[PDB]
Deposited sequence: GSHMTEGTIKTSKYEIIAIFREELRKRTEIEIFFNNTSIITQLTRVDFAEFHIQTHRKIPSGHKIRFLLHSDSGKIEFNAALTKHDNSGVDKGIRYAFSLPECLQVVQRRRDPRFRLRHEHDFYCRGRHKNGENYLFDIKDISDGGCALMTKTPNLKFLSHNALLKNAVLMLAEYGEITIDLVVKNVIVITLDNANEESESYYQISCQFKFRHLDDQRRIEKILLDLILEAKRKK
């Protein structure tokens, strides 16, 4: 760098640790995202390879968790794989060691992955349950990580927690279709009152191929933009 203004994307292994070490010492709040849950805590340690955080909550392993560092300079976005966990020697506290991010991204606005765009299109999801039975869902809202499906007559047997919905077809109207695996994250029954009941089904996208992801991100962009031309 030669000017004052900084680049927002950090790929330097040395600046990264430097960034994490400073924020640790400032007790900079770190936000941890997973499913519809978010928790606020602090960095409990930083070595050359991994950063630490402690919490009683149980964070899912085997896939990079979304993070948000609330530093004075702005929100520092990054993903990090869970690389180790065990009791923190503090009552019920779990110790989480995440591999240091290899790319930070400093932004100014809050980007909460838990929130989904509520389109205005008629989107559907069709497919067959493992017992051959057919299912049809309305796609209420959507995001590059998941969606909310809705139906008044669901087959709950195939809709338990972390249940699977493989090769499901995202009927996305004009944008075409997209065959993908969905894993049920949680199910609730909304009741209007006539005592209509709707089963909202929250699903995490499990891609058969990353190409699907690049498309669902563009489609999303065309909607967020479409939400601004209408107003």
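Missing C-alpha runs, given along the deposited sequence, first residue counted as 1: Unobserved in coordinates, per deposited numbering: 194 to 197, one stretch.
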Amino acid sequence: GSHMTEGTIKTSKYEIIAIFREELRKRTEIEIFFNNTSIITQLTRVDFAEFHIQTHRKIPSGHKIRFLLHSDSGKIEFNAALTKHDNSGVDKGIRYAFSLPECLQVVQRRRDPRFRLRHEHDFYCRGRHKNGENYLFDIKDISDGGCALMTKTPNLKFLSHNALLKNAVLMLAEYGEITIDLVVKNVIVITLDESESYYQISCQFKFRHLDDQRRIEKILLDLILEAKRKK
From here on, numbers count along this sequence of modelled residues.
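Per the entry, higher mean C-alpha B factor between 165 to 173 and 32 to 40: That would be 165 to 173.
Per the entry, higher mean C-alpha B factor between 62 to 70 and 197 to 205: Taking the mean B-factor of the alpha carbons in each, 62 to 70 is higher.
From 108, 105, 99, 153, residue of greatest CA B-factor: Highest C-alpha B-factor among the listed residues goes to 108.
Selection by C-alpha B-factor (highest) of 112, 144, 138, 77: It is 144.
Chain thirds of CA B-factor: placement of residue 117: According to the entry, residue 117 has a C-alpha B-factor in the chain's middle third.
B-factor third for the C-alpha atom of residue 149 within its chain: Bottom third by C-alpha B-factor.
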